[PDB]
Structure formats: structure tokens, C-alpha cells
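Enquirer: First the structure, then my questions, so here it is.
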Amino acid sequence: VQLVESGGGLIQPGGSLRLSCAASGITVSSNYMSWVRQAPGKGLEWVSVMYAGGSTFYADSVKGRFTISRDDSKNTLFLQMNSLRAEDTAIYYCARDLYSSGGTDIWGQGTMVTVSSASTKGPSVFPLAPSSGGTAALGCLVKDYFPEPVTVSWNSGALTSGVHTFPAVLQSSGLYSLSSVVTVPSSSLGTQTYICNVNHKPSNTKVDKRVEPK
Amino acid sequence: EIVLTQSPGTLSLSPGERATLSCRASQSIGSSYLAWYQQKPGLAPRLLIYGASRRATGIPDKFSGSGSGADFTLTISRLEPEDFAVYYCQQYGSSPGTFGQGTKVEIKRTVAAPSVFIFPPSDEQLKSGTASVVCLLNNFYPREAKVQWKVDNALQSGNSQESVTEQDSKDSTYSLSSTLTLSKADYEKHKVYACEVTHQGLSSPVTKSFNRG
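Keeping their order, the protein sequence lines are chains H and L. Just so you know, the first sequence maps onto residues 2 to 82, 82A to 82C, 83 to 100, 100A to 100B, 101 to 128, 133 to 214 in the deposited numbering. All residue numbers for the second sequence refer to the deposited numbering, where the first residue is 1 and numbers rise by one.
Printed below as a string of C-alpha cells:
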């Protein structure tokens, strides 16, 4: 039983975007189905529900601009978002609700929607290597991108222990920067290569940067 | 409209203790119309309890819900670092329903000193004309820390910025980056670059430095 979302991205204010939620293992048309969004600092906001029979209800914040619908043949739920506003920037989840028969038990993975007129900028990625206690730190600096988010991994996701990716800071230029770091044994530095992988979907960029000791 | 108010806003408790979270509705809603969710960093919300007290499939007994009318409680027993999350109540007595504002459950630990590392700018960035110098403070607690940057033993001002992670889900510590940004011209005018860290867990401040080139 899964809900798989698609359709997120960057859109300018006043524009439109349609999100999709393809269900497997449950029939969308036999269920209450919802869209719930999570903006910065705004917790979870339940913006729409569609009843099994097709009646729809909206939060006041989106009423008249957003439309929930479904395609039974594709077993897919949609959120058509028109007249988008900066305030609509959020991760959007679809979910199956059971109401008093079970709560909201199944959630999609979430898709990011960013509403902005600012220009898109792919990140610049630089290695953080010691100039060289038994432990070494390595990292990558991810500089001056827009919009959020980037996704940073190490060794294609195989290195997760000891990784810390810092929150991005919005610079006075209007672009974001962050670093990602990992700690490893100093004795491992000559025995293998460490690579940071930086993905930025809005610019369709994927950067792999080797972080070699100096 | 129905508004849910959660209390407290944040809770900081040691592993092994019991957390008690409250949710009050602005009008009576009934136990049948209330549910609780956990949301860990970077993950989708997870249903814990519905109908005020019925645990969802696979949810362990450490999560327990109670209450009636307009006042509800979630208890989380035997807290562990991995329980770090925002916990939300939800009512579905209206369509759509609504969520509370969340209670952040922080897992307390004992003081831990940072491990400190300094990174020079990459040759790549320097060729482009800018030098970013990074100081890492790794796996410390509590969050408060002071970072001072010194360039040829001269205290720096106005050219640094900090970012701090949320508490780690395995060990409840923080990490922090301090980034000093200089033009290439200014960077090349000085030799010794140092960050000095003061923190509760350090017997004395720790300085890490490198020499340009």
C-alpha cells in the first residue's frame, strides 16, 4: 500500500501547477483522500479532502484556487493549484484518511512546491579537506543556489554514519549556501576516495565532487 | 471553526523518562475524532493513535493516548534519542479536519565537548576569486557555543556566519559550522587562519589553525 507523488517544482506567483498521487494497494475512489502541506514554521496544514463519493472540501486558505480531483482508471489523485502565492510554498503530501475508522494512516513521500519569481541558480560545490586525534573530518561547501532544497549524499548514499548536512543560510544576495560534513578514521584517508553528491532538481544538476586530502 | 492547541510547545526530557503531551480543542470534538502523529526530521508524518486511544497497526505500547470531549493527552514512555520528533494532534470532526501546532520533543543529554576541525579554501574556489574558510564544531551539547576567528592573531568581525543542526536522532548532540568568507586578495595578505571555540564541555577553549598554502 503506497502513494507516490509527482509534479512538484518551482513556479512563478500567479502560475499553476498540478500534483499527482498514484495509489497502489488501495482504490482512491473508495476512500477519503487528502492533501496536507508542510510549510516552514507552519506545521501541517490540511488543505483539502475528497470523500469516497467525490464531494470536496477545502481549507479557507486555498478555497477558490485549488481543486482536488481523481482519475479512477489511473487510480490517481490530483491537486490542481492555480493562482499560486508565495505562502503556498511547502512540501505537499497526499494521504488516505479513515476518519473515525482509523485516522490518516497512509502518506505519500511528499513533493516540494516553491512559488517564487527569483531566478534559478545551480550550486557551486567545493571540497572541505584538512590541511594535513585519530578522526578526520571531510566535507563539501555548497554555495549560492536557489531555490531550496539541495540533496547531499556521500559515496552515492553508501556513507551515512557521521554525516551532518547543515541548514542552508539565505545570503544577502538572495542565494542559499550550506556545507555537508562527515567524520571518518584518519587511518582511512589513504585507503579510499570520498565523494560528495549534490543534487539540485530546480536546475537539473547533479554534481559529484571528490574530497581528497591536500 | 475547530482549533486545536497543543501544549507544551517544546519538551526536553532525558532518555527513560515519560513525556506527557496535551491537545485541547476549542470546542468538544469527542474521542472518536482525534488522532496523534509523529513526524521525525525529513520524514512524512506517521500515525500513532486514532480515536484518542487506539494504537495504529504496529505501533508499540510506549505510545498511549487518552482523553475525552475537548482535552486529550499522548504519553511517550521510555524515551530514547530516536524519539526526537514533532508530535501533532489532528481532529477530523470537520472536513477537512485540522492539526494542532505540534509539540517538539527534545531528548536531553549530558554536556559533551565539540570536536573542532578547520578547513582551508579549495584551490578551485580561490582561483575564482573568493576564499571560504570553514570551522566545524562536531557532536556537542548543549547548543550554546562561541566561535572566534583570528587571522594573523587579529580578531575578525563581520565576515562570518553560523549554521547549527537539529539534535541528532542517535546521540542527541548538535554540530555547527562557522564560515568565514574573504576575497582572494584579502586572504592572500595573511598567513595564519584560526578558529577558537568556547563551550561548556571544554576545560579551556580549543583553537584549530592552518597556514595559507
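We put the CB at the ideal spot given by N, CA and C, even for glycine.
Could you compute how far the alpha carbon of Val-133 (chain L) sits from the alpha carbon of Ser-180 (chain H)?
Expert: When rounded, the distance between both Cα atoms is 14 angstroms.
Enquirer: What is the C-beta distance between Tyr-87 (chain L) and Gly-44 (chain H), in whole angstroms, given that I count them as a contact (C-beta under 8 angstroms)?
Expert: That pair is no contact at about 11 angstroms.
Enquirer: Does the pairing of the region 160-169 of chain H with the region 19-38 of chain L give three or more beta-carbon distances under 8 angstroms?
Expert: Taking 8 angstroms as the limit for Cβ pairs, the verdict is that the region 19-38 of chain L does not touch the region 160-169 of chain H.
Enquirer: For a contact defined as C-beta to C-beta under 8 angstroms, what are the partners of residue 217 (chain L) on chain H?
Expert: In the structure as shown, chain L starts at 1 and stops at 213, and residue 217 (chain L) therefore has no counterpart that could be examined.
Enquirer: Using a Cβ-Cβ cut-off of 8 angstroms (strictly less than) and excluding sequence neighbours within five positions of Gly-201 (chain L), which residues of its own chain qualify?
Expert: Closer than 8 angstroms at the Cβ level, and outside the excluded window around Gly-201 (chain L), lie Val-111, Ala-112, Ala-113, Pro-114, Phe-140 and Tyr-141.
Enquirer: Could you name the residues of the same chain whose beta carbon sits closer than 6 angstroms to that of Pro-120 (chain L), not counting the 5 residues immediately before and after it, in chain order?
Expert: So the qualifying residues of the chain are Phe-210.
Enquirer: Rounding to the nearest angstrom, what Cα-Cα distance links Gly-54 (chain H) and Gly-102 (chain L) in this structure?
Expert: Taking the straight line joining both Cα atoms gives about 31 angstroms.
Enquirer: How is the beta strand (DSSP E) around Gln-27 (chain L) delimited, first residue to last?
Expert: Careful: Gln-27 (chain L) lies outside any beta strand (DSSP E) and carries neither H nor E.
Enquirer: Helix, strand or coil: which one does DSSP assign to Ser-187 (chain H)?
Expert: Here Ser-187 (chain H) sits in helix by DSSP.
Enquirer: So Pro-167 (chain H) packs on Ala-84 (chain H), CB below 8 angstroms; how close in whole Å?
Expert: Not quite, the Cβ-Cβ distance comes to about 20 angstroms (not below 8 angstroms), so this is no contact.
Enquirer: Please confirm whether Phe-146 (chain H) has its beta-carbon closer than 8 angstroms to some beta-carbon of chain L.
Expert: So, not an interface residue.
Enquirer: Just to check my reading of the structure: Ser-66 (chain L) and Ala-52 (chain L) have Cβ atoms closer than 8 angstroms, yes? What is that Cβ distance to the nearest angstrom?
Expert: Between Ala-52 (chain L) and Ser-66 (chain L) the Cβ distance is about 7 angstroms, and since that is below 8 angstroms, they are a contact.
Enquirer: When Cβ atoms are compared, which residues of the region 7-32 of chain L fall closer than 7 angstroms to chain H?
Expert: So the list reads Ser-32, given in the order they occur along the chain.
Enquirer: Applying a beta-carbon distance threshold of less than 7 angstroms, which residues of chain L neighbour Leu-45 (chain H)?
Expert: The answer, in chain order, is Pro-45, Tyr-88 and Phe-99.
Enquirer: Indicate whether the contact test is met: 3 or more Cβ pairs, each with one atom in the region 38-45 of chain L and one in the region 102-110 of chain H, closer than 8 angstroms.
Expert: The region 38-45 of chain L, when compared against the region 102-110 of chain H, does touch it at the 8 angstroms Cβ threshold.
Enquirer: Cα separation between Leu-11 (chain H) and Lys-189 (chain L)?
Expert: About 42 angstroms.
Enquirer: Any beta carbon of chain H sitting closer than 8 angstroms to that of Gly-51 (chain L)?
Expert: Closer than 8 angstroms to some Cβ of chain H, the Cβ of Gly-51 (chain L) qualifies, so yes.
Enquirer: Roughly how many whole angstroms lie between the Cα atoms of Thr-5 (chain L) and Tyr-174 (chain L)?
Expert: Distance between the alpha carbons of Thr-5 (chain L) and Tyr-174 (chain L): 29 angstroms.
Enquirer: Write down the C-beta distance between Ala-136 (chain H) and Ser-186 (chain H) rounded to the nearest angstrom, noting that I regard them as a contact closer than 8 angstroms.
Expert: Yes, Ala-136 (chain H) and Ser-186 (chain H) are in contact; Cβ-Cβ is about 4 angstroms, under 8 angstroms.
Enquirer: Taking Cβ-Cβ distances below 8 angstroms as the criterion, which residues of the region 146-164 of chain H are in contact with chain L?
Expert: Against chain L - using a Cβ distance shorter than 8 angstroms - the residues of the region 146-164 of chain H are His-164.
Enquirer: From L:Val-3, L:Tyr-33 and L:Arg-78, pick the residue whose C-alpha is nearest to that of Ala-60 (chain H); which is it?
Expert: Selected option, being the one with the closest Cα: L:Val-3.
Enquirer: Terminal residues of the continuous beta strand (DSSP E) containing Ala-88 (chain H)?
Expert: Note, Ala-88 (chain H): beta strand (DSSP E), 88-95.
Enquirer: Check for me: the alpha helix (DSSP H) holding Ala-168 (chain H) runs from which residue to which?
Expert: No alpha helix (DSSP H) contains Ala-168 (chain H), which DSSP labels as neither H nor E.
Enquirer: For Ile-89 (chain H), which residues in the same chain have their Cβ closer than 6 angstroms to its Cβ, ignoring the five residues on either side in sequence?
Expert: The residues are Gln-39, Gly-106 and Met-108.
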